[PDB]
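We begin with a single chain expressed as structure tokens, specifically the form deposited in one PDB entry.
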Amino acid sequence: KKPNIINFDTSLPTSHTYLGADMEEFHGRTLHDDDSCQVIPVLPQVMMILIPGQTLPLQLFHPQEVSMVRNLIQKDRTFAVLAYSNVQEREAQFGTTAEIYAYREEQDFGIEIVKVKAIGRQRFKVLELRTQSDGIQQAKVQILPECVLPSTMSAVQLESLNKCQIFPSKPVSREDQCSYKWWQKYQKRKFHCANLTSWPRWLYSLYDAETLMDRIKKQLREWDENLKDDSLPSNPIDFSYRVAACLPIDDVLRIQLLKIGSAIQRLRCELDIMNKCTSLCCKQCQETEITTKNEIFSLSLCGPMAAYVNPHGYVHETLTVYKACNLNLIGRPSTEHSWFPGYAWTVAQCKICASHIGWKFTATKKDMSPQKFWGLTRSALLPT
């Protein structure tokens, strides 16, 4: 519970300075035609559901993967990540395509180790998983389309009161009595055509993109102090994807959120989940309290949760917490490969089963959060 002073310059974790500094970048983006069937290579040794818009650091050591990355960059820069279900061993039916934007291949240790960062772009459902003898299987993928719905009032809209559908900008920003009173008249003036239909106005507000985004923002600001438009997009697709990425949920719920093709349904599901979720427990225990719903904040622009890589290449999704419970520390706080520029991580273990729940990040300089930063991963973390 450290308010006010949050001085960290919360943009370095989004840059991954631990993975090298002079990392070669790429100019821009790419497009795949919708509802089209493609062949895309699948890099192995990754088991995580990557929601679109989420950055993924990667270190690769094996010659087959390094060669796949090299000849992948020389022809497009897209590979595929499969959203594996609870069953392992390629038991996946949905997935996403990661786009390369940062690359560097390095020669120390007599190997051709490659460090690459990539962000999700599209969503697909795999038709058939054909395996190539080289070791890098290419999956027969169908591009899942993104569905955006118009206003629920557009069908029943009154022609005359169209000009009063452009609301003025919100008054000031994140201020009481400038939202409740504004939201009431916004609902009254937007859904004025709900009298033509057979349903009240609040029912149509339950299916409005703006209102659900506002409710999610309000509850998030209740959790941690958001900086108004702190990189949170106005586009409902992007906001829904960001919230799904930052939500502290398990794999099955992530797959369920990924299956949804409309922003509004995703927002409704997200609201239901984070209203019904209050605690996170130890997966190896299912009996110990480590966190809660309110003791969660963000030192990264991606939210409370983001993907990082240990020096061995394994990918961890880490959640930041003011104060954890039922944890013990072993080893002196070291900072050889810390993802946070200024902290010295200390490995954290369950006090009962001694499972790797996460790390404790002690501070080094005095003008920062004093040794109160729990980076717990999702290896043993389930909603309860």
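The first residue of the sequence shown is number 1, and the count goes up from there. Note that the rigid core is defined as the largest set of C-alphas that superpose within 1.5 Å between two forms. Shifts are known only where both forms have a C-alpha.
In what follows, reference is made to the form deposited in another entry, a form of this protein that is not presented.
Here the two forms are overlaid on the core, and between the shown form and the other one the C-alpha of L280 is the only one among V116, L257, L280, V243 to shift by 2 Å or more. The two forms, fitted on the rigid core, differ between the shown form and the other one by 2 Å or more at the CA of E295. Annotation for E89: C-alpha shift of 2 angstroms or more between the shown form and the other one, rigid core superposed.
In a rigid-core overlay of the protein, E159 has its C-alpha displaced by under 2 Å between the shown form and the other one. Relative to the displayed conformation, the Cα-Cα distance from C178 to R215 shrinks by 3 Å or more in that other deposited form. By 3 Å or more, the C-alpha separation between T292 and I255 grows in that other deposited form relative to the form shown here. Core-superposed comparison between the shown form and the other one: residues with C-alpha shifts of 2 Å or more form runs of three or more at 86-90, 172-178, 228-231, 278-300, 317-384.
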